[PDB]
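Form deposited in one PDB entry, single chain, as structure tokens, below.
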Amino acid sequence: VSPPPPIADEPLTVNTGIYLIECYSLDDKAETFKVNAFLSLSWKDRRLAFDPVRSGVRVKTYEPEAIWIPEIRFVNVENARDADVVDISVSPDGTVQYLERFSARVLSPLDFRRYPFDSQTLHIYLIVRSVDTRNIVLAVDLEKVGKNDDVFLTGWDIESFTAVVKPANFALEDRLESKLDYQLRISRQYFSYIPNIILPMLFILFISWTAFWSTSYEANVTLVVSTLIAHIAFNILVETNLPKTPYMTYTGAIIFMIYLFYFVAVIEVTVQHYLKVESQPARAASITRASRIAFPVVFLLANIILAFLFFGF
């Protein structure tokens, strides 16, 4: 139970990789998801006398966990990973293929700035426990990293898992911490939201806009205010799906725009009624005719501007 002696006086290259098995239950509210995968490391200790016999009659040698194993810890996870050791084998004067089955509650933030069509990346970092004087450096093994076993999570389509970048950070000016980064690139399927969150609100707004084709003040007032109440009720209904973040959101500005449009519609209706009362029917009709075309065009232009602001640039 000791690190191999530094005869070469060089850090041991503990190559590692993760083969995803089954991931599910991505909770947006808690920013948590489950991960089940393989952990395959290939740390080599030839000078530790870990059976470097060089005997062909005893190839594929098997050893228990009595020898020291480089401990790997996940910074993201808040609980200890349930480890299940599978294979502990070393070749004659070769490397050790030590595999494990693990499940953990890995933590990762989310970016709800493009909520209907967002493209978050899922992060997993791991660290090594540097003990004694033998430096331990983590490398990337491209052979045993991937997810090609038909894994799926509802609402998303996986596209990449082999980012395998190594952003060696710093902490209290420490010597070295590799902190291998495993990026799980995912995208959201948006077809279930168009007829659920967007179209019902647009229909309510369009129902509101019909007040310009009438001349009854009571009917216009009832239409507009009851439509506003219906919009508030729908916003209450779809509160769970909508995200609540302390920053601006693309889906969080359309609602404010809708409120502004309701206020402007109320002001326009009141102005029309006042002008009609003050005996200016020609001016009232001109204002109504102008508004009929001004409202939807302004709405479309503002939506285009907001899309170009949040997306694109």
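If you superpose the two forms and keep the largest set of C-alpha atoms that fall within 1.5 Å, you have the rigid core. Start at 1 with the first residue shown and count on from there.
The discussion below concerns the form deposited in another entry, not included here.
Core-based superposition between this form and the one not shown shows that, of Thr162, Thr222, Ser214, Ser119, only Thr162 has its Cα displaced by 2 Å or more.
Remark: with the core as the superposition reference, the CA shift of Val145 between this form and the one not shown reaches 2 Å or more. Once the cores line up, the CA of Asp45 ends up 2 angstroms or more apart between this form and the one not shown. Relative to the superposed core, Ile69 undergoes a Cα shift of 2 Å or more between this form and the one not shown. Compared with the form shown here, the C-alpha atoms of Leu199 and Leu153 sit at least 3 Å closer together in the other form. Wider separation of the C-alpha atoms of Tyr125 and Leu153, by 3 angstroms or more, is seen in the other form than in the present form.
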